[PDB]
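# Structure at a glance
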Amino acid sequence: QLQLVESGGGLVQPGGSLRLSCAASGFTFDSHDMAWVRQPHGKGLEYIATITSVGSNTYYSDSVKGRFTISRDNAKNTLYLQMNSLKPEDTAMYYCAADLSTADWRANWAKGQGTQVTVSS
Amino acid sequence: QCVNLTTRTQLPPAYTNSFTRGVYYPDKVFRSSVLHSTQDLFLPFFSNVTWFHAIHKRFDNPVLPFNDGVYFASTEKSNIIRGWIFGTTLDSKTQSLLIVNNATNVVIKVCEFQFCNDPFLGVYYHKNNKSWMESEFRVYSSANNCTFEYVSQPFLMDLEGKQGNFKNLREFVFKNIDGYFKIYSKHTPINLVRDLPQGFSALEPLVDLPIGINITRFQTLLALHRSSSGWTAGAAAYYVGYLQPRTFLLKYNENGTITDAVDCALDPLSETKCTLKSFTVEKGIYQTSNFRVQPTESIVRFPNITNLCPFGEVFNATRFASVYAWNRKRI
Amino acid sequence: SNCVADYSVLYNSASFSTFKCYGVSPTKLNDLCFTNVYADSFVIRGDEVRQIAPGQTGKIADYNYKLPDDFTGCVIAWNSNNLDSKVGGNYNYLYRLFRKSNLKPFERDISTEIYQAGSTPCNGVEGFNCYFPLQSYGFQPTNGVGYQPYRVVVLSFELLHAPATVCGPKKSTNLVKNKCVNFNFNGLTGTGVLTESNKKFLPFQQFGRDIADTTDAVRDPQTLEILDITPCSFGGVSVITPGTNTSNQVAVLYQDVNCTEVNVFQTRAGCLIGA
Amino acid sequence: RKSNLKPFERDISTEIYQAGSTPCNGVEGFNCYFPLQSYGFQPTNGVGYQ
Amino acid sequence: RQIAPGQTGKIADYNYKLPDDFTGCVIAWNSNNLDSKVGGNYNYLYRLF
Amino acid sequence: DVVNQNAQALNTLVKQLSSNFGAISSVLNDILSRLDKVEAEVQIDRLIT
Ligand SMILES: *[C@@H]1O[C@H](CO)[C@@H](O)[C@H](O)[C@H]1NC(C)=O
Ligand SMILES: *[C@@H]1O[C@H](CO)[C@@H](O)[C@H](O)[C@H]1NC(C)=O
Ligand SMILES: *[C@@H]1O[C@H](CO)[C@@H](O)[C@H](O)[C@H]1NC(C)=O
Ligand SMILES: *[C@@H]1O[C@H](CO)[C@@H](O)[C@H](O)[C@H]1NC(C)=O
Ligand SMILES: *[C@@H]1O[C@H](CO)[C@@H](O)[C@H](O)[C@H]1NC(C)=O
């Protein structure tokens, strides 16, 4: 079974730094396209970070562009995200999604469980 | 089969007069003993329709334009006219109505056809044991993107076409408004009254198709019969009239059929009949409309200024302003 | 065609971003009936839902998908960002950027001819003043909401032209003749007296109309017979009285009705009650 | 705002908005209001505040 | 900051909603001394979801 | 001329009922069974005028 267990959440100050993890098993890791998803309190879903199959392209939402850092693990197959220069409005449940990558027109984002992150002071 | 005709001959486009033919039921409402005035694409009365006849070695099947919609007629005894390739540049980019009425069923195929250049069906072997059988099925071979196909119920198979006198006749109307083939149709084998189409007969709708293509040309599909190596064009004829946005006045009878009609803009007497809304005009002097001289062409006269306006300096300025003091730029 | 449409379950679902109906109201869809219903599925950019209305212009409404100005339908659009977007942009969705003129409404265009920008004939290649008209969509889920893919269905229906093929869920009742009823014949509401008619309809027709163009005779869609709608409620009421200073006795003249309500005597002006 | 605003007119007057009763006459301080607040042109805000 | 017509949030979805034609004023003040209890004023019961 | 003039004045009045007058349809009940009352007020107001 595909398993996406998330860890590395909590509380942080405005301007601080964080790092997320996503324990990914049950699939070939470069066959599925990996992305980071947040869900604010009172809002819906939101994409903040996007990386391709071989990890050769790192893409960022405009509200988090130039501040976050997406990466990957090509030996233990675990998804990471270095969040830096944090802002108070980033209070959200940060999930972990994985595309099915089936024939380039279908998109099945295998949503994980998410770790609760609050940005308050 | 990319083999053209062996005995094709260039003949001039002979004309006839469409007397009152080509009037269709404009909508699906029942009227009774009224004179209803409508305005749509109509076949104007007393106009030239092209007399395309197929005779013994002397026939052309040209590419006819499709300005606003076309009339069609068919003076057959032998079922030789089948279908209509439609389209703009006559490729696989268009869809085409075909009625391959092979004396068994009303087999209609409305697809994107594999395109043909000189297409023909044909019956053969008629000296003995004919049975009206066909083999040369070259008007259709394959068809990708078949968006439609319909099979209507069979009709009275009138194989008996009596030689000489003019009885068996059909009348179709092919127009296209907002992707819709409002194909109007009427199957009238006329009784022999006096030798010619003269009288009145109204048309009625059969189908409507959600096609949505641009059409500026069409053709007409063919067959062959004789009692095409040793074969020629079979003895029949078809008529082409174009439709124009006219205005008619239409006398529905007691039972509800259009018995008599009045074109408005034919002659001033019928314009008077359209203004009074009656087919009988008593003695007097009547005012019809205004005399309206045509406009020739459009004349645009702007002053010869060529330098642009400072839209870069305003739309993409560097030092901005605020709502406390806005910069009224003068242009 | 040939089905019953539960428009309510298509409507009260909150999944749809834009549910804007044009010829009708979206609440009487469940009772009003139609003749031909067409669904037009296509995927567009985010803010381009503005350019799907009767009369809009732009780049979707002008070159590759136009609605006529007499449009009678509903437009459904919902965000499909979680099902269309890809990590490198979904290149499987395209649009015509370049067109020679405007496009006629409800007209598909599958032409691949190279749009000659300047004067040089391109001879079947792209390049300098040879612009390929069919661009692509970069559908990344990290995009802004104005570039996110919305799936749009234009649900046009052909209304008041023909016998009906698609009608919503209302149960029919039994037919009542020769009585002043409040009828609903396949979409039209009226109030009259239904008698069996002698009018003969051609089978592509349903509705007989009089000189004021009101529905005079119908075809029952359940059993295909022809009825005859005669109105109720003839005439007016006139009160015959002596002076109030003489009596309070009155008479009542119902003008030009038969004695239907019901001394009671049939004057040639109508039924006269109380004289 | 001090009075009725007529259209196409800039209110560039450097008279200080006195709301209460203390006469200010051109300085700030005790109830001497100043409606000319500033723009935060930082990229940190939400898209409804840009 | 979620008592507004048309907006979303915890105030604007589960327990309160404003109309778009609203006139009037939204009045509050510093009331830390007026409702707060030492262990917490859990006598002000509310429905969260 | 008296009989004809009264009859033509009645037939004109009857044939004015098949006129849109700006509205969607001359049929009152089709407007009454397509639109909500807030817009049926507009279309019926054109017909009444
Ligand atoms: C039909 O054609 C002839 C010759 O082309 C022409 O003289 C005649 O006026 C035409 N008829 C009409 C009604 O235009
Ligand atoms: C109407 O139909 C009846 C039916 O028998 C027929 O007798 C009559 O001649 C028809 N009248 C007209 C004007 O068509
Ligand atoms: C002004 O700026 C816009 C976008 O910033 C650009 O698309 C446009 O071409 C510019 N106008 C010029 C350069 O005249
Ligand atoms: C409905 O049922 C009746 C008999 O119960 C039948 O005559 C009729 O044809 C049916 N309707 C349709 C559309 O077939
Ligand atoms: C209606 O009036 C007619 C004469 O106008 C009369 O013969 C008939 O009996 C009346 N109807 C009834 C139900 O009494």
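As a convention, residue numbering begins from 1 on each chain and follows the written sequence, not necessarily the numbering found in the entry; residues with no coordinates do not appear. All chains are assigned letters beginning with A, and all ligands numbers beginning with 1, in the order in which they are written. What you see is a piece of a larger assembly; the numbers all apply to this piece alone. To get the side-chain values, take all heavy atoms of the structure and skip hydrogens and water.

Looking at the method and resolution fields of the entry, one finds cryo-EM and 3.3 Å.

Residues and elements named next belong to chain B. The numbering of helices and of strands both runs from the N terminus, where a helix is a DSSP run of H or I of at least 4 residues and a strand a run of E of at least 2. Positionally, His 225 belongs in the loop between β15 (217-218) and β16 (236-240). Accessibility here uses a 1.4 Å probe with only protein chains present; expressed as a share of the type maximum, an area under 20% marks a residue as buried, one over 50% as exposed, and anything in between as partly exposed. What makes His 225 buried here is its relative accessible area of 15%. For the purposes of these results, a polar contact is taken to be a pair of N or O atoms within 3.5 Å, where, inside protein, one atom must be able to donate a hydrogen and its partner to accept one; residues adjacent in sequence count only when each atom of the pair is a side-chain atom. In terms of polar contacts, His 225 uses its side chain to reach the backbone amide nitrogen of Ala 235, at 3.2 Å. Any two residues whose heavy atoms approach within 4.5 Å are treated as being in contact. With residues near it in sequence (within four places) discarded, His 225 still touches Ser 78, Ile 80, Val 123, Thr 232, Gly 234 and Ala 235.

What follows is about the pattern of salt bridges. Every case where a carboxyl oxygen of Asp or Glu lies within 4 Å of a side-chain nitrogen of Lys or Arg is listed as a salt bridge. Applying the stated criterion across every chain, the model contains 19 salt bridges over all chains. Here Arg 21 of chain B and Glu 171 of chain B are joined by a salt bridge, their closest N and O atoms 3.6 Å apart. Note on accessibility: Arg 21 of chain B and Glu 171 of chain B belong to one class, buried. For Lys 199 of chain C, the salt bridge identified is with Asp 216 of chain C, shortest N-O distance 2.4 Å. Taken together, the residues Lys 199 of chain C in the loop between β12 (192-196) and β13 (207-209) and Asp 216 of chain C in strand β14 (residues 215-217) connect sequence positions 17 residues apart.

Here 7 pairs of chains make contact, and the pair sharing the most contacts is chains B and C. Chain D makes no contact with chain C, the minimum C-alpha separation between the two being 11 Å. Left apart from each other, chain A and chain F have a closest C-alpha approach of 32 Å.

Time to look at the UniProt feature "disulfide bond" in chain C. Here the bond UniProt gives for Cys 180 of chain C and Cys 232 of chain C holds up, since the two sulfurs are only 2.0 Å apart. A residue pair is termed long-range when its members are at least 10 positions apart, and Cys 180 of chain C in strand β9 (residues 180-181) and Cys 232 of chain C in the loop between β15 (227-230) and β16 (237-240) qualify at 52 residues. When two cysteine sulfur atoms lie within 2.5 Å, the pair is treated as a disulfide. UniProt positions are given in the numbering used here, feature names are shortened, and annotations may be inferred rather than shown by experiment.

Turning next to the sheet that holds β9 of chain C. All names here are of chain C. Here 3 strands make up an open sheet; going across it, the order is β9-β12-β15 and the pairing antiparallel. Each of the sheet's edge strands pairs with one partner strand only, and the pair in question is β9 and β15. Following DSSP output, two strands are said to pair if at least two bridges run between them. Relative to β12, β9 is paired through 2 bridges, and the arrangement is antiparallel. Following the sheet pairing, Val 181 is matched in β12 by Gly 192.

Our next topic: the nonpolar core. Working definition of a nonpolar core: buried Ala, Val, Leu, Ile, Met, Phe, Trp, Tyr and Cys residues. They are joined through side-chain atoms within 4.5 Å. The biggest cluster of nonpolar side chains holds 40 residues, and the ones touching the most others in it are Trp 84, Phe 86, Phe 174 and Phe 218 of chain B. Of all the secondary-structure elements, those providing two or more residues to this core are β5 (47-54), β7 (70-74), β9 (96-100), β10 (106-111), β12 (170-174) and β16 of chain B. Top element by residues in this core is β10 of chain B. It accounts for 5 residues. In this view, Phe 218 of chain B contacts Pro 62, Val 63, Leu 64, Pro 65, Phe 66, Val 70, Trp 84, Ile 85, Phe 86 and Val 240 of chain B; residues no more than four positions away in its chain are not counted. In this structure, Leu 20, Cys 22, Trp 36 and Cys 96 of chain A belong to the second largest nonpolar core, which totals 27 residues.

With that settled, consider the sheet that holds strand β11 (residues 148-152) of chain B. Residue and element names in this part refer to chain B. Spatially, the 3 strands line up as an open sheet ordered β9-β10-β11, and their pairing is antiparallel. Two strands close off the open sheet at either side, each with one partner strand: β9 and β11. Averaged over all pairs of adjacent strands, the angle between their axes in this sheet comes to 15 degrees, without regard to strand direction. Where β10 meets β11, 5 bridges bridge the pair, whose relative direction is antiparallel. Of the residues in β11, the one forming a bridge with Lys 109 is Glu 149. Only the contacting stretch of a helix is used when fitting its axis, a line to C-alpha atoms as for every element, and angles between N-to-C directions run 0 to 180 degrees.

A few words on the interface of chain C and chain B. With 23 residues of chain C at the interface, the matching set in chain B holds 20 residues. For the pair chain C and chain B, the number of links is 1 salt bridge. Between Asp 213 of chain C and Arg 31 of chain B there is a salt bridge; the shortest N-O distance is 3.8 Å. There are 6 residue pairs in polar contact connecting chain C and chain B. Counting residues per element, the side of chain C that touches chain B draws most heavily on β13 of chain C, at 3 residues. Polar here means any residue outside two lists: the nonpolar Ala, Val, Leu, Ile, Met, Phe, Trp, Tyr, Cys and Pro, and the charged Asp, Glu, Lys and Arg; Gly therefore counts as polar. In terms of residue class, the side of chain C that touches chain B is made up of 10 nonpolar, 4 polar and 9 charged. Bridge analysis of strand β3 (residues 29-30) of chain B against β13 of chain C gives 2 bridges, and the strand direction is parallel.

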